[PDB]
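Here is the naming used below: chain letters follow the sequence lines, and residue numbers restart at 1 for every chain. Heavy-atom basis, side chains included; hydrogens, waters and symmetry copies ignored. Atoms within each ligand, like the ligands themselves, are counted from 1 in listed order.
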Amino acid sequence: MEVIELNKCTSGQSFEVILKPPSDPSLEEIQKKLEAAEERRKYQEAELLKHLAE
Amino acid sequence: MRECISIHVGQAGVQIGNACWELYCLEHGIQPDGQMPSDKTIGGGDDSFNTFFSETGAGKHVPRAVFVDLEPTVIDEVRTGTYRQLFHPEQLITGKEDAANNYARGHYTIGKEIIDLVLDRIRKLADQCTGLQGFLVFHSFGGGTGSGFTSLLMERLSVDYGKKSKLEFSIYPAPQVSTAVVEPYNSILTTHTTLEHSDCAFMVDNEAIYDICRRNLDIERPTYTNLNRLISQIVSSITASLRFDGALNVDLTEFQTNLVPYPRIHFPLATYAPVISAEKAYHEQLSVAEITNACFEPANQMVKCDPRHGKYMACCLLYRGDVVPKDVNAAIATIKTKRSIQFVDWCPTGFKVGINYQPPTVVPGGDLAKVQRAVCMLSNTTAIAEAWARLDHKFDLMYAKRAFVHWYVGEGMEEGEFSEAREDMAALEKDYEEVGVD
Amino acid sequence: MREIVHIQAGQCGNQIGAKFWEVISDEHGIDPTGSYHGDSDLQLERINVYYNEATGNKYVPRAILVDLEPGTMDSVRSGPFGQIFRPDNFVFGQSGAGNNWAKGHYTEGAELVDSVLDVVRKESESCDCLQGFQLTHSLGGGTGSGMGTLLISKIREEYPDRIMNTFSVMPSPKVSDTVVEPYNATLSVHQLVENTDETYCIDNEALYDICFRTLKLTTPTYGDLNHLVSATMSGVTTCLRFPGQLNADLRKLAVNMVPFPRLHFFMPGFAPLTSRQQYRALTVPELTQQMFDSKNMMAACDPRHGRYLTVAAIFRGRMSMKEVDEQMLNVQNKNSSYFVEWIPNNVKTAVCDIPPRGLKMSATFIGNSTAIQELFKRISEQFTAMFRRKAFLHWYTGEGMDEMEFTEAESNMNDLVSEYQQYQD
Amino acid sequence: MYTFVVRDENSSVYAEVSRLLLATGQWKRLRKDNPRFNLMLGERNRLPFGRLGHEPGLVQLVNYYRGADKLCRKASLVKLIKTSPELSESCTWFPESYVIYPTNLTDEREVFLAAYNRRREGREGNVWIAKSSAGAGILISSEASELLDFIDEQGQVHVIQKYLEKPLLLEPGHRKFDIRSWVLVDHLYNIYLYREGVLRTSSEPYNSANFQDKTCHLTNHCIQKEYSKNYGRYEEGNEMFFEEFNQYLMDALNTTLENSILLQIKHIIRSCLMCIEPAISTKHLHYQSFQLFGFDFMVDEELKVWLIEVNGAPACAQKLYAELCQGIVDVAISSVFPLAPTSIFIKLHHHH
Ligand SMILES: Nc1nc2c(ncn2[C@@H]2O[C@H](COP(=O)(O)OP(=O)(O)OP(=O)(O)O)[C@@H](O)[C@H]2O)c(=O)[nH]1
Ligand SMILES: Nc1ncnc2c1ncn2[C@@H]1O[C@H](COP(=O)(O)OP(=O)(O)CP(=O)(O)O)[C@@H](O)[C@H]1O
Ligand SMILES: Nc1nc2c(ncn2[C@@H]2O[C@H](COP(=O)(O)OP(=O)(O)O)[C@@H](O)[C@H]2O)c(=O)[nH]1
Ligand SMILES: O=C(NCCN1CCCC1=O)Nc1ccccc1
Ligand SMILES: [Ca+2]
Ligand SMILES: [Ca+2]
Ligand SMILES: [Ca+2]
Ligand SMILES: [Mg+2]
Ligand SMILES: [Mg+2]
Ligand SMILES: [Mg+2]
């Protein structure tokens with residue numbers, strides 16, 4: 001039951017108590033993912049307009 | 001002094017952000033028009049509260065915050081609310097139609113078109129920071145904006161602010177206050193893409209905030225106001241170390257050092273006490289031991305689960321009010337003798353304690369009563385993996401039939417991203433069991 | 001400012017559409033002249049979802065009236081609330097459709113559709129943010145069925161990423177004008193399967209049986225049937241016309257109700273349904289028990305023959321929300337065998353403070369049930385009974401159609417029934 | 001109308017409890033994967049406790065205490081007794097035991113040999129028994145070399161505890177036996193003891209000079225009905241119920257079952273359950289727990305009771321299924337979900 005690193009200031013204090021010792025995607029790659037999904041929407045909508053033209 | 005920028009995404013992030021900044025002002029003595037009498041340095045100064053507020057020549061204290069919602073109804077409340085004067089229009093960004101509770105809609109269809117705008121506004125705040133620590137991001141799991149747009153914002157922030165820390169405050173979905181059936185989908189989708197980008201995430205289960213309102217505050221049918229005012233008390237307790245003089249959790253880096261030994265397991269459980277109904281005739285003020293012991297009761301955890309059947313990796317006691325270190329250690333002694341607190345062998349069995357003498361500030365007219373001492377415990381327990389299990393199970397039920405998947409594929413998302421995100425969660429649950437169970 | 005464009009086509013569509021605007025105009029405090037005279041701010045909070053605001057504070061329904069003969073729309077204009085509709089929004093021909101899908105979809109209707117899209121485009125071009133469209137029509141006639149679906153086909157082509165919603169009156173031999181109604185309905189169902197996101201199925205037999213057995217109306221009329229439709233249409237659109245966060249817009253509604261693109265046909269319901277013992281107060285448990293009774297449902301499909309994929313309940317009136325939650329959970333926890341277990345929390349509930357005109361508190365029921373396949377099964381049998389002898393086909397071949405097109409619509413709806421069948425197990 | 005699910009088709013006890021629930025007309029059984037249930041009769045292994053208590057409006061109840069495995073596992077019980085101050089290493093009613101890991105994998109190998117060598121020098125009886133939870137697989141030997149080598153041949157953890165060389169023998173027969181007690185702990189943590197117990201007796205005369213033939217040493221119902229040639233000789237199915245055992249203790253020993261054995265049994269039950277109450281109690285938990293336990297005891301010629309093991313998913317005597325299962329519905333299930341005596345239990349009051 002040890003206390004360590006007691007820090008005291010005007011608005012309080014802090015300390016540690018021990019009971020027992022122990023034993024990313026680039027900007028390019030993010031733009032591709034976004035444009036790839038935008039392209040899949042474009043293709044799906046194209047097939048719908050193609051369907052409606054028939 | 002180092003600055004902290006807060007970002008509020010979606011309806012949940014914005015309404016919770018509203019309640020927190022309302023509280024931050026009452027705690028620092030900042031009036032709704034931004035004026036702060038106690039601040040003697042007019043339009044400047046590197047004080048502890050200046051991590052969350054900048055200053056203008058007129059002496060206005062402006063929250064270092066950005067609000068983002070793909071629909072303008074929720075943010076218009078801020079534009080015409082009590083603290084409409086605190087913010088300038090640049091800080092409030094609103095689209096015209098939301099993500100329809102569709103992760104893919106918030107991340108891809110709509111997110112692609114507005115991301116560059118949010119980052120620009122965010123960069124404007126960064127340009128006032130002489131030493132930016134990082135970001136605190138408020139958002140929900142279930143919403144299409146909070147889940148879908150947040151994950152994209154986090155990915156870009158890691159590219160623009162590589163060395164900066166990023167913490168989260170995430171709302172875990174609860175059916176009692178949810179009418180979206182696909183929230184398990186969005187939650188697991190946004191946890192997959194954000195896991196490698198978030199340094200520390202405090203989850204709040206609406207189910208837990210809900211019962212605490214009915215049980216402790218005797219609120220028969222809690223509203224978002226009731227929930228958010230209580231949530232902002234916890235958030236206030238967590239962020240106090242950044243806004244006040246002190247030596248524990250003084251910058252965002254310390255949150256990861258003190259709470260996250262392994263990166264993927266970065267979801268500390270929060271437990272708060274006491275919560276007392278202001279409508280009470282008059283309550284008997286609890287002691288240090290009593291509020292400390294309450295930190296090991298499931299009934300006041302932000303996420304319902306059983307820490308007795310997990311293993312602790314870290315533990316922080318944040319006290320506010322009449323509390324001296326002598327009382328903390330005495331209470332801790334009597335809890336080890338009566339409580340099941342199993343630490344991992346590769347971590348010391350101890351507690352970090354911070355004490356701020358100013359007791360909790362309550363919103364005048366709110367539901368919470370003024371108390372002389374409160375505590376918020378931040379502990380990293382494997383027990384919180386129960387929440388991932390619950391959520392993953394619901395995911396499995398719907399996805400087994402591909403129910404609702406067409407709404408996501410229809411917004412340009414590939415079906416394979418579902419299974420990809422689900423396997424990540426299966427690994428996350430696995431990491432937890434490897435650390436806690438024998 | 002999420003605007004919805006309303007379109008009513010044909011006889012049935014315009015008479016139900018008329019009563020619908022009559023009912024909600026009263027709930028928003030709008031008089032027949034478009035002037036507001038309500039007493040609550042909640043009445044105008046979401047007023048721009050169905051009404052445009054003109055000079056002098058006038059509110060004009062955002063509705064387009066379509067028909068291939070003038071008759072019905074002359075009654076609307078001379079009706080009580082007729083003066084409220086935008087005169088330019090009356091689009092009508094003179095030949096009629098002779099209860100003929102081919103005339104509404106290919107010949108007579110094809111001649112008039114473009115001019116209807118000129119008005120549709122005009123109303124949409126003045127929307128701050130267009131949610132989507134709602135169409136009221138019958139499937140058993142010629143105009144609302146044939147031209148109605150032709151309009152949906154051409155509206156999707158111009159607004160592909162908006163929500164398309166329909167209130168579709170399905171025909172029944174027990175309440176029938178002509179014997180070709182199964183032909184017209186089978187041709188439209190395929191259109192709706194492809195080109196709508198939400199279709200509220202309304203079986204005229206359910207309306208008649210309710211008026212007869214429940215409401216104790218000796219000799220029901222189309223007007224009595226339309227009174228129910230009005231009240232039901234007002235209920236299902238409560239989410240859209242008042243402050244709320246549950247199913248607030250059409251897309252969010254679809255996202256929560258349509259787990260599969262083609263299975264988007266809903267069974268509506270309404271409680272209370274009392275004959276004139278009408279002044280008795282109705283309790284929350286009663287309101288909930290009735291709302292789920294098949295006799296209170298308007299698709300003439302027994303829900304106890306299928307399973308619910310999703311359910312959206314709306315409670316209107318000042319009541320105990322705590323007591324609403326318990327009764328809802330009680331019905332789910334008392335009959336969980338009729339709800340699929342692979343959609344967690346597939347039953348949602350919403351509350352509204354403003355009750356309908358003349359009720360302390362009511363409840364509207366939107367169910368996406370696999371039992372709806374019985375409706376398409378009845379229509380398919382009636383179709384095949386005549387088509388196997390090619391009976392009455394000359395009406396359609398004479399308009400240019402071929403027998404093949406009938407065989408395909410027949411095969412399409414059988415597929416639809418088979419799709420509902422696999423999810424029932 | 002309450003709702004419950006069945007996730008353990010192999011449970012004979014809860015197959016009867018479910019049969020009784022449906023017989024009341026007020027409990028509706030749902031599919032084993034429907035979450036909208038009031039009661040769960042869960043599986044034995046990997047019961048998803050984390051998914052309980054999260055359904056709005058449903059008070060949910062399960063038939064297992066999360067964490068009770070600490071008591072119903074051979075090694076777990078040993079570690080629990082030696083580490084729990086409430087039980088202490090000097091526990092007088094639990095045979096001296098040790099946890100021994102096979103050498104192909106903490107471990108108490110040397111601690112065992114130390115105590116073993118002391119008995120070897122002190123001329124005292126030095127006969128131990130090696131057993132494990134992964135058994136039908138038991139070895140009784142007086143040589144430590146054979147007990148340790150037997151565990152290394154296995155790939156799971158075993159326990160070596162002192163073999164009761166002076167067990168109480170019944171007459172006629174000169175035969176060893178054991179006692180099975182059924183205990184039920186409700187959601188409030190009341191410890192109820194079933195008034196009816198059973199004695200699974202050995203149909204073979206106890207032999208102290210031959211631990212190889214494990215027919216007169218092991219009193220397991222399956223071993224006697226398979227390798228014992230006198231099965232069913234003295235009592236039906238090698239099962240002597242309390243009414244007969246009490247008459248024997250009076251005609252032979254001039255004592256009663258209550259005084260000589262039952263007081264000790266009740267004491268051991270409290271100390272075990274009370275010990276772990278702070279760890280498994282569901283008093284302030286989002287769901288509720290109750291469980292039925294099967295305690296196994298030994299009686300020596302000195303009329304001293306020793307704890308053998310605790311079974312978390314025990315079975316019941318064929319003759320007592322009706323009475324016991326019905327009781328479970330009264331104190332454990334209906335107490336939480338009431339319907340629209342002379343209790344068959346004995347409450348063991350204690351300080352929570
Ligand atoms: N605690 C709390 N939870 C909220 C609040 N608002 C919404 N939620 C929760 O958030 C989830 C829905 O996500 P939202 O934030 O409303 O959705 P969104 O971020 O606006 O994204 P959209 O789909 O575009 O509307 C539900 O589970 C709600 O319970 C709030 O103000 N406080
Ligand atoms: N230390 C000891 N002294 C004397 N006998 C012992 C003993 N340990 C075990 N036994 C004998 O073994 C039998 C119980 O074995 P044990 O309970 O360890 O195996 P098991 O758990 O597979 C049977 P069950 O679980 O059904 O009670 C008893 O009949 C007892 O006679
Ligand atoms: N509920 C209801 N159904 C109607 C009404 N008028 C016609 N119908 C039904 O609609 C079908 C006929 O379609 P109708 O609208 O008259 O043809 P249209 O004018 O060419 O579109 C028949 O099945 C009728 O039973 C009405 O006012 N109310
Ligand atoms: O106009 C007529 N038939 C048009 C074709 N049809 C027949 C079925 C419905 C329909 O549209 N018939 C007619 C009848 C009386 C007087 C003058 C003419
Ligand atoms: Ca200053
Ligand atoms: Ca990073
Ligand atoms: Ca012509
Ligand atoms: Mg939103
Ligand atoms: Mg007609
Ligand atoms: Mg066993």
### Query
What distance do B:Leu189 atom CG and B:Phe141 atom CZ have between them, rounded to the nearest 0.5 Å?
11.5 Å
### Query
Have C:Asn165 and C:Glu198 got a donor and an acceptor in their side chains that come within less than 3.5 Å?
yes
### Query
What residue among C:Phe406, C:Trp101, C:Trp395 forms ring-ring contact (aromatic ring centres under 6.0 Å, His included) with C:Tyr183?
C:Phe406
### Non-hydrogen protein atom less than 4.0 angstrom from atom 17 (C) of ligand 4
no
### Query
Is it the case that C:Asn184 and C:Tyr396 place a side-chain donor and acceptor less than 3.5 Å from each other?
yes
### Task
May I ask you to identify the nearest protein heavy atom to atom 10 (C) of ligand 4, giving residue, atom name and distance to one decimal place in Å?
C:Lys103 NZ, 4.0 Å
### Query
Taking just the N, O or S atoms of C:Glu111, which one is nearest to the Ca ion (ligand 7)?
OE1
### Query
Looking at atom 7 (C) of ligand 4, is any protein heavy atom nearer than 4.0 Å to it?
yes
### Message
Can a side-chain donor-acceptor contact be found between C:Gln191 and C:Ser153 if the only test is distance below 3.5 angstrom?
### Response
no
#### Entry: atom 1 (O) of ligand 4 protein-contacted, heavy-atom criterion under 4.0 angstrom
no
#### Entry: NZ/NE/NH1/NH2 to OD/OE distance under 4.0 Å, B:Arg105 and B:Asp98
no
#### Entry: N or O contact, C:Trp395 vs ligand 4, cut-off under 3.5 Å
no
### Query
Which of the atoms of ligand 4 are close to C:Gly98, meaning less than 4.0 Å from one of its heavy atoms?
11 (O)
